[PDB]
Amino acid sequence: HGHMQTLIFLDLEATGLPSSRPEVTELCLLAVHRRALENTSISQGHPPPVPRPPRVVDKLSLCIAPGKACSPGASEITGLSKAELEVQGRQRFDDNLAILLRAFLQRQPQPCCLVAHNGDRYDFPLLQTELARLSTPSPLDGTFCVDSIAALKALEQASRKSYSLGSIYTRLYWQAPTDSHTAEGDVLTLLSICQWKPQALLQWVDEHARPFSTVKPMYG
């Protein structure tokens, strides 16, 4: 493949941890063209200012009704619960959602790469499982993906620590992240850390991006 033209930052909130065979409760996508990223001002200072998000971005944030209740742990940090989602008429992960996801992705210049923090262990496998439950073919069969933990790890060692979203943000900017544990809030925080070294991050992504189709489902 060539250079990724669009980076789609992703975060999912769910009913719980992998062992519980969790289901998605919230999903946020933030598509950013590589030009927007390489155009972000280089960070200067220690700590440097938090990068300014690009003006031109595409965003999607959706709350989804899970097939089962959230565990006390997931609900307390995400602020979501099956009862509230359902009473508010949220629908399950279905064909229409897949259609919506495909259309959102098609608005972006290809090739495109999904970027998620701990995505290789959580987000990508979970999304794969959710899509596998549907009848239609996956809309991500032409999309690439990459875990931002590995990326930042490389970027930091090139410039043992916790590589959690908030820990990295705090390490780099000496500032506290906002709206943690909400799909949009975490996506916005991820965007900021990936904007730390724009050029280096883009290059690393280009070198490590892999087909989402190769992602193994979290559970069958």
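We call the rigid core the largest set of C-alpha positions that still match within 1.5 Å between the two forms. Throughout, we count residues from 1 along the sequence that is shown.
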| item | value |
| --- | --- |
| RMS Cα shift after core superposition in 5 other deposited structures of this protein, winner of 174-182 and 190-198 | 174-182 |
| Stretch departing more from the displayed form, 116-124 or 132-140, Cα RMS in 5 other deposited structures of this protein (core fit) | 132-140 |
| Flanks modelled, residue 159 absent in at least a third of other entries | yes |
| Residue 175-residue 176 interval: deposited residues absent from the model | none |
| Between 137-145 and 105-113 (mean CA B-factor, as deposited), the higher | 137-145 |
| Mean Cα B-factor comparison, 186-194 or 30-38, giving the higher one as deposited | 30-38 |
| Selection by C-alpha B-factor (highest) of 80, 100, 127, 87 | 87 |
| Largest Cα B-factor, entry values, listed residues 57, 168, 155, 62 | 155 |
| Chain-relative CA temperature factor third for residue 215 | middle |
| Lowest, middle or highest third - CA B-factor, residue 76 | highest |
| Residue 17 - Cα temperature factor, lowest/middle/highest third of chain | highest |
